[PDB]
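Protein chains in written order, with PDB author numbering: chain LG, 1 to 219; chain Lb, 58 to 130; chain Lh, 1 to 133; chain LR, 1 to 163. Ideal Cβ placement from N, Cα and C applies to all residues, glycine included.
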RNA sequence: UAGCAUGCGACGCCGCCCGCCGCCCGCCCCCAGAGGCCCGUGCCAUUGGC
RNA sequence: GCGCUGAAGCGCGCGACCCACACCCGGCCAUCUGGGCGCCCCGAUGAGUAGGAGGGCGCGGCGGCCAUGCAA
RNA sequence: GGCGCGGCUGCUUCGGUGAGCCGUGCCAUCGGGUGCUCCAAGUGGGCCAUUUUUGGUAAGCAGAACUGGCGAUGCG
RNA sequence: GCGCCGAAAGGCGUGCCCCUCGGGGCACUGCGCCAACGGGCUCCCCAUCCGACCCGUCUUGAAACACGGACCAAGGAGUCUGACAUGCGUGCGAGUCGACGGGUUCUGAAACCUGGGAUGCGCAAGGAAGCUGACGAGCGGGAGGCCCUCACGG
RNA sequence: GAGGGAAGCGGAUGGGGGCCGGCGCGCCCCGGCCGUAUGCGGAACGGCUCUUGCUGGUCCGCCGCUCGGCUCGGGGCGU
């Protein structure tokens with residue numbers, strides 16, 4: 001009811017504004033709705049089909065609404081995630097999958113000789129400063145091109161950015177190891193520093209792509 | 058069965074089409090011919106103008122195409 | 001639509017399987033279902049655990065009716081001629097070659113069907129005339 | 001649930017296309033009325049439709065006499081709708097004109113009405129040229145008449161008192 | 001009187017056993033009027049001084 | 001039934017729970033409301049012996065149409 | 001349903017009255033629970049509970065009344 | 001959804017008015033129409049219920065200490081047509097209705113034309129028997145057209 | 001399938017085991033083939049009229065004159 005009152009109270013109001021910008025340009029959007037569009041060769045049949053456009057646009061928006069919001073309930077960034085503990089510096093992993101919360105798959109590349117990947121109920125993960133728009137979903141296990149090294153150098157920059165915060169913040173370093181040990185997880189304290197991202201996120205976005213399609217996989 | 062016109066798929070020259078009507082009590086017509094996929098469209102779009110509703114004649118275009126594909130290999 | 005309707009008869013069923021009652025304790029007494037006729041009958045009383053009787057509500061969704069689980073509609077094909085109609089369907093329909101049609105005959109139908117792009121049951125059955133694993 | 005609503009399942013179901021109309025030509029006519037009825041003003045054609053489905057207890061002979069006194073110029077020679085058939089039974093020098101429409105007539109009735117005036121029309125030519133079905137008189141039964149209501153069985157059946 | 005089929009003990013113990021272990025393949029899955037590894041590489045897991 | 005006793009008895013109050021095919025809700029089958037183009041759709045009621053009324057399945061030989069058969 | 005106009009009539013003094021009839025005008029808490037016809041069925045031997053009974057010591061008695069169910073009704 | 005910025009969410013046209021603060025409500029064209037990843041069934045056993053067999057019948061009431069069956073395959077019950085009354089349908093419709101013969105093909109068949117047997121039920125009736133024997137009316141509800149006059153309506 | 005310690009209308013309901021049948025799109029380059037408009041030459045048609053007539057077909061045979069496309073495969077890319 002408190003969110004849902006706000007939507008009402010035109011009706012539309014921005015959507016009454018939207019028309020206008022077309023009205024302002026000049027005289028229009030009956031002609032362009034009727035006159036358009038394409039067609040005419042083709043082969044066969046009914047052409048019952050489909051997609052892109054207009055519905056799809058609310059379904060992406062709609063899907064965006066849990067997505068902040070589930071982080072407001074549980075607090076944090078999103079993915080990409082660092083081993084705090086273990087090796088002082090060392091390397092970076094992305095949450096591709098939930099078997100559950102707690103049982104999680106953390107990821108990377110392998111195209112020639114490779115790199116593991118773990119499914120864990122824990123071992124070693126606390127999150128960083130980046131957000132995407134997935135929760136914690138992608139996977140099987142794929143990646144690869146430069147990227148044992150790149151993902152990893154992306155790790156080093158975050159591990160430097162984190163290591164300084166772990167010095168300023170912690171209770172100390174030894175149970176940041178117990179926090180890293182946990183890995184359900186979650187609520188208590190989240191947002192320290194590590195400023196900014198712009199690269200970190202670009203790197204995370206590629207990682208998501210790499211654990212998707214279409215490489216190395218096709219026959 | 059007939060209505061007043063028919064349109065029945067067959068033919069057995071390698072590459073072939075079939076485009077029948079029937080009209081009037083004595084004349085009793087029924088032609089079969091053509092190759093090309095464009096000339097397949099065209100002389101059924103004209104047939105549509107002189108009859109009606111797209112979907113059936115249009116369907117009896119790749120029936121022929123598939124038959125003229127088959128008679129290749 | 002169709003996918004959901006196909007799944008609503010096929011994964012639910014109903015497979016009680018309506019066998020005649022106590023068919024098992026006399027061998028001769030046949031499996032074919034007969035309405036439990038007489039008053040005491042527990043099944044007649046239309047109890048649960050008694051095995052359901054046949055009624056109209058039991059019925060499948062029309063959109064899913066007479067379809068193979070593949071969801072293709074089967075069309076029985078006696079010969080090549082039926083094939084023309086089947087070819088029109090292609091995507092919609094699967095062709096099933098009647099048991100009767102002979103081995104000498106079966107060949108022409110099979111090849112024609114492929115050309116028609118109506119591969120269904122017919123392929124399986126032709127490897128079945130050949131021998132085979 | 002209720003018991004009322006079960007009784008509500010027990011209303012009619014009057015509904016019938018008759019078991020056969022062996023005449024194909026009647027068989028097409030009886031359908032035509034549900035397309036035309038909700039698609040024009042014609043209540044009359046909608047009534048003829050029920051009465052050319054259901055029964056023989058319903059299908060009318062109308063005599064030329066039973067037209068003749070009963071059409072009598074004060075609904076001024078309209079179109080007379082006879083669902084079943086005309087029959088030939090009168091001599092007066094018969095009708096004052098007349099457009100008569102029916103499923104069937106006898107040949108003598110066909111001959112006598114058209115040589116008095118108008119036309120013996122068939123119901124389909126009526127549907128074509130009078131699709132509204134207004135200025136029209138639904139004339140009439142019977143099987144409801146004197147011989148035979150419940151007057152069946154042998155020697156009957158009676159006013160009644162007993163039977 | 002009956003009574004190891006309460007699913008028991010003891011005594012006496014033997015054509016190849018079995019006593020003690022390398023290497024692999026299946027089933028369940030703490031005590032307690034609060035408590036229960038020193039220097040390291042390495043995302044991991046491996047893996048090394050002690 | 002084990003069988004309880006400052007209750008697992010009894011009574012007076014009370015709180016939370018459980019529990020049907022009921023009632024709701026979702027999707028679907030008949031009839032009827034009807035509607036609309038041989039076909040589609042909206043909503044309601046809808047156990048059943050004797051039993052009436054109506055639609056359908058299968059048998060065997062006959063006819064017209066229409067095939068199948070050296071593997072019926 | 002009520003009124004007026006006009007004809008005809010009645011029973012009961014060459015006697016008193018309305019009523020009837022016809023003709024013509026005028027003025028006026030439910031919600032399909034539903035009518036008629038043809039042809040057919042088991043019947044044409046019940047039971048119980050509740051209420052009211054009468055007989056009988058009573059009875060898982062007998063025999064009525066008024067009703068709901070079982071018969072022919074699942075499921076809890 | 002149908003210009004722009006803004007990752008994002010979101011705002012960016014303007015008039016009114018309340019509050020006269022933050023802000024609020026109110027008013028103003030048509031058109032179109034999602035992400036990630038790589039099986040059935042039979043018998044058995046354990047749980048759970050039907051459970052009271054089934055089944056059929058008899059019966060107010062059947063598991064029934066009421067009756068009938070060892071088990072199976074095959075056989076095993078609304079037939080035939082008359083009358084009288086009907087339902088549904090179709091051809092002619094104050095008559096309709098056709099044997100028997102002959103004529104003629106195929107076929108032992110049968111068919112077709114035709115005289116048209118037979119003279120029902122009808123077409124009107126009463127009654128022992130003589131013998132006799134009209135068809136006009138509305139009234140009410142309530143189908144439907146017209147006049148009108150049209151929102152209604154009589 | 002199961003078994004010498006746990007109870008039965010012999011089914012039902014749930015679960016495991018045992019057995020078994022089934023299994024495309026957008027673009028570009030190469031090869032291949034053909035083409036309409038217009039002139040020729042042959043021909044079912046049509047709206048309609050309905051004695052009769054007028055305008056409008058379509059494909060084929062196959063040359064001339066411009067100016068282009070398709071399909072089976074192969075190779076790359078993006079979906």
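Distance check for residue 69 of chain Lh and residue 30 of chain Lh, CA to CA, integer angstroms please. One-based indexing of the third chain puts residue 30 of chain Lh at position 30. One-based indexing of the third chain puts residue 69 of chain Lh at position 69. Their backbone Cα atoms lie some 28 Å apart in a straight line.
Grab me the residues of residue 5 of chain LR's own chain with a C-beta within less than 8 Å of its C-beta, minus the 5 sequence neighbours each way, in chain order. Stepping through the fourth chain from its first residue, residue 5 of chain LR is reached at position 5. Hits under 8 Å: none found.
Could you tell me which of LG:92, LG:47, LG:161, LG:109 sits nearest to residue 215 of chain LG, measuring between CA atoms? What you label residue 215 of chain LG is simply residue 215 of the first chain in a count that begins at 1. Closest by alpha carbon: LG:109.
Use the C-beta contact count for residue 14 of chain LG: other C-beta atoms within 10 angstroms, 16 or more gives buried, fewer gives exposed. The residue you call residue 14 of chain LG lines up with position 14 of the first chain. So residue 14 of chain LG ends up on the exposed side.
Counting only beta-carbon atoms, is residue 43 of chain LG nearer than 9 Å to chain Lb? Stepping through the first chain from its first residue, residue 43 of chain LG is reached at position 43. By this cut-off, residue 43 of chain LG is an interface position.
Meets three-Cβ-pair contact criterion under 8 Å: the segment 173-184 of chain LG and the segment 59-75 of chain LG: Segment contact: the segment 173-184 of chain LG against the segment 59-75 of chain LG, fewer than three CB-CB distances shorter than 8 Å; contact not assigned.
Is the number of C-beta pairs between the segment 105-120 of chain Lh and the segment 14-22 of chain LR that are closer than 8 Å three or more? Too few Cβ pairs lie closer than 8 Å, so no.
In chain order, what are the residue ranges of uninterrupted alpha helix (DSSP H) at least 4 long that sit wholly in the segment 6-92 of chain LG? Complete alpha helix (DSSP H) runs here, min 4: 13-25, 31-35, 56-64, 67-74.
Three-state secondary structure assigned by DSSP to residue 84 of chain LR: By one-based count along the fourth chain, residue 84 of chain LR stands at place 84. Note: residue 84 of chain LR maps to strand in three-state DSSP.
For residue 136 of chain LR, list the residues DSSP reports as bridge partners. As a working note, residue 136 of chain LR is residue 136 in the fourth chain. LR:79.
Does the beta-carbon distance from residue 84 of chain LR to residue 58 of chain LR come in below 9 Å? Counting from one through the fourth chain, the residue named residue 84 of chain LR turns up at place 84. Counting from one through the fourth chain, the residue named residue 58 of chain LR turns up at place 58. In terms of Cβ geometry, residue 84 of chain LR and residue 58 of chain LR form a close pair [threshold 9 Å].
Min CB distance residue 94 of chain Lb to chain Lh below 9 Å: Looking up residue 94 of chain Lb in the second chain gives position 37. No, residue 94 of chain Lb lies away from the interface with chain Lh (no Cβ there is under 9 Å from its Cβ).
Can you have a look at residue 17 of chain LG and say buried or exposed, based on whether 16 or more other CB atoms are within 10 angstroms of its CB? The residue labelled residue 17 of chain LG in the question sits at position 17 within the first chain. By the neighbour-count criterion, in which a residue is buried when 16 or more other Cβ atoms sit within 10 angstroms of its Cβ, residue 17 of chain LG is exposed.
Taking the alpha carbon of residue 178 of chain LG as the point to measure from, which residue in LG:50, LG:86, LG:26, LG:202 has its own alpha carbon closest? By one-based count along the first chain, residue 178 of chain LG stands at place 178. Residue LG:86 is the option with its Cα nearest to residue 178 of chain LG.
Between LG:205, LG:153, LG:99, which lies nearest to residue 122 of chain LG when the distance is taken from Cα to Cα? As a position in the first chain, residue 122 of chain LG is number 122, starting the count at 1. Looking at the Cα atoms, LG:99 is the closest of the given residues.
Candidates Lb:61, Lb:122, Lb:128, Lb:126: closest to residue 83 of chain Lb by CA position: As a first step, residue 83 of chain Lb is located in the second chain; it is residue number 26 there, counting from the start. Ranking Lb:61, Lb:122, Lb:128, Lb:126 by Cα distance to residue 83 of chain Lb puts Lb:61 first.
Name, please, each residue of chain LG whose Cβ falls closer than 9 Å to the Cβ of residue 119 of chain Lb. Residue 119 of chain Lb sits at position 62 when you count from the first residue of the second chain. Result: 43, 44, 45.
Taking C-beta pairs closer than 7 Å, name the residues in chain Lb that residue 84 of chain Lh reaches, listed in chain order. Residue numbering aside, residue 84 of chain Lh sits at position 84 when the third chain is read from its first letter. Residues of chain Lb passing the Cβ test: 66.
Could you round the C-beta distance between residue 79 of chain LG and residue 137 of chain LG to whole angstroms and report it? I think they count as a contact, below 8 Å. Residue 79 of chain LG sits at position 79 when you count from the first residue of the first chain. Residue 137 of chain LG sits at position 137 when you count from the first residue of the first chain. Actually they do not touch by this definition, with Cβ atoms about 10 Å apart.
Please list the partners that residue 130 of chain Lh has in chain Lb, where partner means a Cβ-to-Cβ separation under 9 Å. Here residue 130 of chain Lh refers to the residue found at position 130 when the third chain is read from its first residue. Per Cβ cutoff of 9 Å: no residues; residue 130 of chain Lh is ~22 Å from chain Lb at best.
Option in Lh:64, Lh:92, Lh:90, Lh:93 with minimal Cα separation from residue 1 of chain Lh: Start at 1 with the first residue of the third chain, and residue 1 of chain Lh comes out as number 1. The option with the nearest alpha carbon to residue 1 of chain Lh is Lh:64.
Three-state secondary structure (DSSP) of residue 63 of chain LR: Here residue 63 of chain LR corresponds to residue number 63 of the fourth chain, with the count starting at 1. Strand at residue 63 of chain LR.
Residue range of the beta strand (DSSP E) that includes residue 95 of chain Lh: Within the third chain, the letter at position 95 stands for residue 95 of chain Lh. From DSSP, the beta strand (DSSP E) with residue 95 of chain Lh extends over 93-97.
Any 3 or more C-beta pairs closer than 8 Å across the segment 124-135 of chain LR and the segment 33-46 of chain LR: In the pairwise beta carbon analysis, the segment 124-135 of chain LR is classified as touching the segment 33-46 of chain LR: at least three pairs are separated by under 8 Å.
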